[PDB]
Each structure stands twice: as C-alpha cells, then as structure tokens.
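In: Would you be able to build a 3D model of this:
(chains A and B, ligands or ions: 6)
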Protein chains: 2
Amino acid sequence: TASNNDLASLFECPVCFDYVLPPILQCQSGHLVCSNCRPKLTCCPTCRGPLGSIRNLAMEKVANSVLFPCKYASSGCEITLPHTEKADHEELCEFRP
Amino acid sequence: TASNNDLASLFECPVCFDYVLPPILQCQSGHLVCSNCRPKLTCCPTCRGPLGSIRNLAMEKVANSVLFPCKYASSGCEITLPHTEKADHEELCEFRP
Ligand SMILES: [Zn+2]
Ligand SMILES: [Zn+2]
Ligand SMILES: [Zn+2]
Ligand SMILES: [Zn+2]
Ligand SMILES: [Zn+2]
Ligand SMILES: [Zn+2]
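Out: Numbering: from 1, shown residues only, chains lettered A, B, ... in the order given. Ligands and ions are numbered 1, 2, ... in the order given. The protein structure is shown below:
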C-alpha cells in the first residue's frame, strides 16, 4: 500500500524541495510553499496567484504521522524525524557542512 | 507509528462523520465539509466563516494513500476501500438498508 516516503513527498516545497512543515499555508488553489521560501516570493510559485495565508490544518495533522528525512540526506544522513524534532537534529547533524 | 485509521479519521466530515473525499474543499481556516453536507449549509460549520471553495489539493493526494471504511461499517461492513471504489461498493454493499 502507501509508504512513509510517499506521504512525506507530498510536503516537498516546489521551490527548494525541502519540506513544508507546520504551520502549513497555501494559496487559493492548494499549492504549498515552505516557511523559508515564502518571504522571498511575491506570489504562489506554482500558479502565480497571491500567496495569502490560508491554513492547511488537515495537512498539519497528516504531518504528525510522517517521518521527514533530515535536510542533509543528500550529504548522507539517513535519519528521518518527526517534524517537531527535525530542526534540532539538523542543527547538530553529523552531515551538516 | 502511524496507522491507516489515523489518516482516514482526518477526513471525517465534522457534520455527518462520513468521509470528505476528493474534490476536497475547505474554508479560509482549514475546516472540511463533505460534498453532501456542503449544500445544506450557509457557512463553515466549525468556524462559521464562509464555506468558499478553496481547494485542498494536498489532502486529495494523501487520500490516494488511505483505505476508507464503507459507510455501512456501523451496520457491520468491514470493507475499507480506495476512495475511487467507495461509492460503487456502497451501492451494492451487503450491509446497506
Ligand atoms: Zn522552500
Ligand atoms: Zn498556487
Ligand atoms: Zn541529519
Ligand atoms: Zn458530511
Ligand atoms: Zn472554518
Ligand atoms: Zn460495505
């Protein structure tokens, strides 16, 4: 059936391909942007509609069921983490630059 | 970790407690209502904001990873179904009235 990596990929930011973690915002048509890309943009990167601040509460609840890969996976980190632990892990991760 | 019934419950309509299936709409603040309850309402049953028609595309994608219980589970149906098969199953289900 369904897998954790299948669910996690639904949170990928279409701009940086890191993960969109709570709080999760979206445009009128349902496109996501992460917290870090959002301030560098004047509109939705997918549809060019306004970014806005519609709240995707349901996706935040899904996120409590997903283990998200460390942002340093491409440097060789194999740890996957609940979203509440991801930031603290990445700050001390063996594979950070 | 996470379970299928945990994910499925995130789709429960807060009005009838059946499941909100694609296409999934939501209010400004992220509350869901199913296709059948929506026309019987003049505003979001959770926050009383406008119902609107913001599209929760991400939840629709999650839904492709979830097996949803037959609406006649409380009559004793134990079948759980991909959302694309749920309606046809319920039309012939052993446990319909
Ligand atoms: Zn991003
Ligand atoms: Zn958009
Ligand atoms: Zn790491
Ligand atoms: Zn309903
Ligand atoms: Zn609402
Ligand atoms: Zn059934």
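
In: how about residue A:89, what does it touch?
Out: Listed by C-beta atoms under 8 Å, 6 or more residues apart in numbering or on different chains, the contact partners of residue A:89 are A:70, A:79, A:81. All C-beta atoms are positioned from the backbone trio N, CA, C, and that covers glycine.

In: which one of those is nearest ligand 3?
Out: Ranked by distance to ligand 3 (C-beta to the ion), these are led by residue A:70 at 3.0 Å.

In: so how far is chain B from the closest one?
Out: Computed with C-beta to the nearest C-beta, to the nearest Å, the distance linking residue A:70 and chain B is 17 Å.

In: Let me know how buried that residue is, in neighbour terms.
Out: Per other C-beta atoms under 10 Å in any protein chain shown, the neighbour tally for residue A:70 reads 20.

In: What residues does chain A have near ligand 3?
Out: Contacts of chain A with ligand 3, taken as C-beta under 5 Å from the ion, map to A:70, A:72, A:77, A:79, A:93.

In: The third one: how many residues sit nearby?
Out: Summarising burial for residue A:77: neighbours were counted as other C-beta under 10 Å, giving 18.

In: coming back round to it: from the contacts of residue A:89, which land in strands?
Out: Under the assignment DSSP state E, the contacts of residue A:89 contribute residue A:81 to strands.

In: so who does residue A:77 touch?
Out: For residue A:77, the contacting residues are A:69, A:70, A:93, A:94, A:95, by C-beta under 8 Å, 6+ apart.

In: what's the closest non-adjacent residue to residue A:52?
Out: Beyond its immediate neighbours in the sequence, the residue positioned closest to residue A:52 (C-beta to C-beta, 6 or more residues apart in numbering or on different chains) is residue A:27, lying 5.8 Å away.

In: I'd say that neighbour and residue A:55 touch.
Out: No - using C-beta atoms under 8 Å as the test, residue A:27 is too far from residue A:55 to be in contact (12.0 Å).

In: Looking at those two, which one has more neighbours?
Out: residue A:27 (23 against 20).
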